[PDB]
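S.K.: got a sequence here, can you model it:
(chains A, B and C, ligands or ions: 9)
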Amino acid sequence: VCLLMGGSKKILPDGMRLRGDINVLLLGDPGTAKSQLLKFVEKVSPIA
Amino acid sequence: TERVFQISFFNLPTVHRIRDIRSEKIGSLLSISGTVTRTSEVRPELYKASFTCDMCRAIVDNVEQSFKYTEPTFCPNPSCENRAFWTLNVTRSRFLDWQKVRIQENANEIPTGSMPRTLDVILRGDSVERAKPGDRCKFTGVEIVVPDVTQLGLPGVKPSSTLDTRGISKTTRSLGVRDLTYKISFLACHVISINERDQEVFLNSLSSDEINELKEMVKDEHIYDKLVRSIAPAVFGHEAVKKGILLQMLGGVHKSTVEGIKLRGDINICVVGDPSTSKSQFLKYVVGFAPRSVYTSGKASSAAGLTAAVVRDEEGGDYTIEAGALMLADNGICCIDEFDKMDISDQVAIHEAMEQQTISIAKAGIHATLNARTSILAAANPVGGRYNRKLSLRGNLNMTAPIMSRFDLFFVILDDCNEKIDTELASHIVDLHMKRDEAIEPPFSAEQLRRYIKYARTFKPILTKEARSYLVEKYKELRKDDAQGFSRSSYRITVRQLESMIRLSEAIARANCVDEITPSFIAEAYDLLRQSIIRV
Amino acid sequence: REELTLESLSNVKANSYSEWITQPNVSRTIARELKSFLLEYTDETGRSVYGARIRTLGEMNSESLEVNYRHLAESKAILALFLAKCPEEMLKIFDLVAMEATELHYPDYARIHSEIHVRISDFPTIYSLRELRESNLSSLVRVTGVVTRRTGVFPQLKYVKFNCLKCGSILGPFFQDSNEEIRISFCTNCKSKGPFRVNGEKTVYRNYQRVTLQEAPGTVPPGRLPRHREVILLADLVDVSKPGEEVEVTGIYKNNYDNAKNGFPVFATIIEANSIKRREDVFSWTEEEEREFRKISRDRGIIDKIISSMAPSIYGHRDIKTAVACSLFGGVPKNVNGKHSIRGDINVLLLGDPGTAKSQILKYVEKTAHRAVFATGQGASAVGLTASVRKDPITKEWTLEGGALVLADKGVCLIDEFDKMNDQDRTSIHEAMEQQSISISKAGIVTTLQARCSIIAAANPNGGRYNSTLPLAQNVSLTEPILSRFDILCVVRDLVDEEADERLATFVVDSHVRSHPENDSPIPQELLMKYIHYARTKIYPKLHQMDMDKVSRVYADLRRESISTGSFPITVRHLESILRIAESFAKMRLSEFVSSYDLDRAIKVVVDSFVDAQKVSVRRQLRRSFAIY
Ligand SMILES: Nc1ncnc2c1ncn2[C@@H]1O[C@H](COP(=O)(O)OP(=O)(O)OP(O)(O)=S)[C@@H](O)[C@H]1O
Ligand SMILES: Nc1ncnc2c1ncn2[C@@H]1O[C@H](COP(=O)(O)OP(=O)(O)OP(O)(O)=S)[C@@H](O)[C@H]1O
Ligand SMILES: Nc1ncnc2c1ncn2[C@@H]1O[C@H](COP(=O)(O)OP(=O)(O)OP(O)(O)=S)[C@@H](O)[C@H]1O
Ligand SMILES: Nc1ncnc2c1ncn2[C@@H]1O[C@H](COP(=O)(O)OP(=O)(O)OP(O)(O)=S)[C@@H](O)[C@H]1O
Ligand SMILES: [Mg+2]
Ligand SMILES: [Mg+2]
Ligand SMILES: [Mg+2]
Ligand SMILES: [Zn+2]
Ligand SMILES: [Zn+2]
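M.R.: Residues are numbered from 1 along each chain as shown, chains lettered A, B, ... in the order given. Ligands and ions are numbered 1, 2, ... in the order given. Sure, structure below:
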């Protein structure tokens, strides 16, 4: 949910862009639904 | 209408090479020889054209087309007085059969450092399809010239023709300039080479004295042993390899199932071993004795040279299939020396022909399925340049497993520092150098041995009922011998060995010239196969 | 004089048969006499075969009349000889004759089809493509061969209406044929001879196709290369002979007229096909056949009958055949709410030593499966396993080739040599097994093709022989991610038993004996193939909560004996493979719900596959842990 929302981007006066998107890693045992939650995120995101 | 007659001269006093062809002999009868590489499909050639005039819609026939498209000059009706406007109507025309053969120089006729020359021979009439790729044929006919526009840009003063502009009565741009550049071609009226599956038709057309000697050879008791001793007389002491070569040159029978598995009866042999063990002297012997045999090397071959290629002679010209080594050796033997040196892709290409005995080329708009019914006699060297006795046959050979499976026999030849054997090999090598053919003493000459093999290839061996059970028992014995625990066979046994045994038994039955496979033949095949496996 | 009879037809007053037939005095005689031949000829039993053929033609709105050559030859020998002599002037009179005969029975038929095409069949003289010479030109030949290429379907001018650019006038229909294009120089309204353009909108067209017919490689004499010809299919035969099909083409052998490349006036030849037929739909069923399927399904032990039916020249390998049947019938895909997706395909791996018949169980699946695509890790590259946008170098146009997994979108993909594959093929197969789709962004094309295929793979162990002491993961080149996607793993090793080896050799020598060139309870193949197609198309089984309890417990047991061993993880993927194989077991019985016995069989298959993929030390789960199942 947080990754789909993501944080707010900042464009500093320096041109220093601060990122708002969230990156989430799932290290896990095989058969733990990691791919199925990736496929669902692909389906539910507007662009994915 | 009228029968066209073909006068076919032959038996000329002399035979010319491709490089002996010179421009003095244009339009003259003469004989050449060459190895056929490519043959055209028979095509219709306009011989007596019929023409319709646009003014007078009459029909002028029997317009002889000598060598090129030629419209008539005078109309049949006197009123028209037209000469330049005509139409060819194809149904009302007459045609001949035309095939264009391509012939290369024979391997023994190429000069030092030069490359083989190629010539386009034109077969016409009843001589079409009398030459097929791979065969060395001699042609009798006319040395002709055909237009060759590719001579543009060549050095020298190329000839040209201009219309004579005198006696023409100008009034005060009519060029008519043509290029007289030609190339030498050949028009053959006679082809002779320099379907046998039925036995009786083969024996019927064969000289009586040869029947005398063939039936004497069949009447002989140790005919198998004499045949083996007559295989590769120059090589000394490798008798298992000679047995295998003889059986390969005889072959089994091709059997097709109900659904079309199409079991193949061609014995494939691989010869591996230590350096200088005569492995390439057996491949040398096979090519030059076995009919339709093609010899090639691992590093001098490509996937498009072994199997058929899609080539183009002229830019802006169409594409053609020139026949590969696996097709020039069709119904024969392909002797591939240094199989290990050959690239992986070429090995996969040869695998495509070992599985289905067919090659599929789908390149450039040609989607042809060619058949390559060939036995592959391969010579290979183990990795590291020397056989490892304490390593498996697979570990010794870089040859891929899909290729290795289709080889029925693996003859591993190892040399040893045996006092007597070395003294006797060396006597043979030096006597083979001192004398030329007196040092070779085979029980049968190549002529009658080839005749016997040609006769024995016509049989369909059948195995009797006890042969089936003993084949089962021998397969069981091979399986029991394998995976024993201490035998450590070089390559392990499966149902491919059982099929190898059946076809080897059929080859042995052909060697003995009997239509029934005696169980002793299965025993001999079992021994020959079993002795091939080397314990680690 | 101006009208002849059948007896007087033989005497030819012209130089050749073409002028004889073109002569109106002979043309009307031939037309009348063929009109008589269509009407009178009847079979020995009494059936007027051409009567029934006309009724069938009228009742199916077809424009092809299947005229035989026995009947013409026996009834009117001189006309059959004329047809075999000049089949261009004939089949033009007789097409009109057939049109008249079908208009008599079916009046007002010209409004439907302009003309009836006649398909001469059972021609006696069968030629070979290498035997065709100039003497066969302009005549009717009957060759046989395999189709190797087809060039689309193109319209060809048949009834040309030409627009006058001076008036704007549309000149009437002018019949154009396969000889050459026609042209008009005379107007009517303004009598202009200037530019006259074909009007595409008002012109009538016919289908046209070129098929390359190449000699069957088996029939070619040794040392000779197969010969090919170009067969022209016109307006009714288009798209009936796929490449690789062995057909018998009856047609007219003629010259393609268009000489200086050869130095000789040499013409190419074509065969304008009259009738094309396969010499020897398949998966379609009738109502009677559907009833037969539904009745044979009700018999008990049908699953074992189907299992034994598969691969009837492959000895033993009964677990392999069970897995092959399960994959052939397959499960059923499921979407919860468009949010969770589960594949309904059973991927089966065959890990075996050399000479274990793995390739033969792949060719049999290609035999029996509808929409089955065969590919290899290395070798004959009929299909590439990878979707690519490739520019064809001869036709100048790009093509988006879906991979072997795309071509068999709803069927089976059979991969041989799955142990050895390129990284590209490995990635393609892995991502089409994970997502059931093929994503491609090449040459401006960005699309996700569908690859909802069931994968049957054949592999060789890593080294040459299976090692029971080592686990399956390190006995073969491919690694954890790809092996997990395989629902069933059939591990077969080359055993060392006296009895098995004896009986396999008895089977092979019997097959060799049967196959000699001299005379020296399984469901039938075609019935089974139609049965499998019907079951896949019509049967979508389900389960019910009544069978939840046992399955859950089994899953738990599988887990606990697996971590105690610790060698192989059995995850939720194994429960979902049990479910899929249960759906397949119900499918082969034509059932709509999954019975508990189907669940038991699926559990048995899954546990057997998982157990046989373990080590000998880990194999205890078979003897005393999972012996209950
Ligand atoms: N907690 C769970 N709830 C529901 N289904 C699950 C659960 N865990 C696994 N599955 C199912 O298990 C099957 C395989 O799980 P995957 O999503 O492929 O696991 P994974 O951990 O991503 O595997 P890898 O690491 O990619 S090999 C899917 O069909 C999931 O629906
Ligand atoms: N387009 C093609 N499709 C299939 N096979 C072909 C094709 N072109 C050539 N071949 C093969 O090549 C053989 C040679 O026949 P042709 O191609 O007609 O003759 P060719 O050697 O190209 O001679 P010319 O110079 O064209 S008369 C054929 O019999 C086929 O086996
Ligand atoms: N048993 C033998 N009989 C006759 N000549 C032999 C024999 N063994 C070796 N030779 C001779 O030794 C040489 C062997 O050369 P090859 O026949 O090319 O050997 P090879 O086994 O192919 O060697 P590699 O594998 O290419 S290093 C030739 O001079 C042979 O005539
Ligand atoms: N159980 C069996 N029943 C019948 N024939 C068999 C059996 N096992 C092996 N064979 C035969 O053994 C040979 C093996 O050929 P394939 O079926 O291609 O084997 P394979 O397992 O694909 O071999 P690799 O691994 O590709 S070298 C064929 O001639 C089969 O007919
Ligand atoms: Mg995953
Ligand atoms: Mg050598
Ligand atoms: Mg295989
Ligand atoms: Zn004229
Ligand atoms: Zn006009």
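
S.K.: within range of ligand 9, give me the residues from chain C.
M.R.: C:164, C:166, C:167, C:169, C:187, C:190, C:192 (Cβ under 5 Å from the ion). The way it works is simple: take the backbone N, C-alpha and C, and place the C-beta from them, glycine included.

S.K.: just put these in a markdown table and tack on neighbour count.
M.R.: As requested, those are exported to a markdown table (neighbours: other Cβ atoms under 10 Å in any protein chain shown):
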| residue | neighbour count |
| --- | --- |
| C:164 | 22 |
| C:166 | 14 |
| C:167 | 14 |
| C:169 | 17 |
| C:187 | 17 |
| C:190 | 11 |
| C:192 | 16 |
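
S.K.: can you redo those residues as TSV with secondary structure?
M.R.: Shown next, in TSV, are the residues of chain C next to ligand 9 (DSSP: H, G, I helix; E, B strand; the rest coil):
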residue	secondary structure
C:164	strand
C:166	coil
C:167	coil
C:169	coil
C:187	coil
C:190	coil
C:192	coil
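
S.K.: quick one: which of these is nearest ligand 3?
M.R.: residue C:164 (81.3 Å; Cβ to the nearest ligand atom).

S.K.: out of the residues of chain C next to ligand 9, which comes closest to ligand 4?
M.R.: Nearest member of these to ligand 4, counting by Cβ to the nearest ligand atom, is residue C:164, at 68.9 Å.

S.K.: the closest one against residue C:190, yeah?
M.R.: Yes: with contacts counted by Cβ atoms under 8 Å, residue C:164 reaches residue C:190, the gap being 7.0 Å.

S.K.: name the nearest of the residues of chain C next to ligand 9 relative to residue A:19.
M.R.: residue C:164 (71.9 Å; Cβ to Cβ).

S.K.: returning to that earlier point: nearest to residue C:421, out of the residues of chain C next to ligand 9: which one, please.
M.R.: Using Cβ to Cβ, residue C:164 comes nearest to residue C:421 of those, at 64.4 Å.

S.K.: which phi and psi does the closest residue to the closest one other than its chain neighbours have?
M.R.: Excluding its sequence neighbours, the residue lying closest to residue C:164 (Cβ to Cβ, 6 or more residues apart in numbering or on different chains) is residue C:187, at 5.2 Å. Dihedral pair for residue C:187: phi -90, psi 170, per degrees, to the nearest 10.

S.K.: what ranges do the helices span in chain A?
M.R.: Taking DSSP state H to define them, one finds helices in chain A at A:2-5, A:34-44.

S.K.: for the stretch 151-300 of chain C, same thing?
M.R.: Using DSSP state H, counting those that start in this stretch, the helices of the stretch 151-300 of chain C run over residues C:287-297.

S.K.: all strands of it, in order?
M.R.: Along the stretch 151-300 of chain C, the segments classed as strands by DSSP state E, counting those that start in this stretch run C:162-164, C:174-175, C:196-198, C:204-214, C:228-234, C:246-256, C:268-278.

S.K.: Serialize those strands to JSON lines and add fields for distance to residue B:328.
M.R.: Shown next, in JSON lines, are the strands of the stretch 151-300 of chain C (distance: least, Cβ to Cβ, whole Å):
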{"stretch": "strand C:162-164", "distance to residue B:328": "55"}
{"stretch": "strand C:174-175", "distance to residue B:328": "51"}
{"stretch": "strand C:196-198", "distance to residue B:328": "51"}
{"stretch": "strand C:204-214", "distance to residue B:328": "20"}
{"stretch": "strand C:228-234", "distance to residue B:328": "20"}
{"stretch": "strand C:246-256", "distance to residue B:328": "26"}
{"stretch": "strand C:268-278", "distance to residue B:328": "27"}
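
S.K.: and residue C:615, which of those strands is closest to it?
M.R.: Here strand C:246-256 is closest among the strands of the stretch 151-300 of chain C (Cβ to Cβ), at 49.9 Å.

S.K.: buried set for the closest one?
M.R.: By neighbour count on 16 or more other Cβ atoms under 10 Å in any protein chain shown, the buried set for strand C:246-256 is C:246, C:247, C:248, C:249, C:250, C:251, C:252, C:253, C:254, C:255.

S.K.: from the contact counts, what lies against that strand?
M.R.: For strand C:246-256, the packing partners by 3 or more Cβ pairs under 8 Å, 6 or more residues apart in numbering or on different chains; DSSP states H and E come out as strand C:139-160, strand C:228-234, strand C:268-278.
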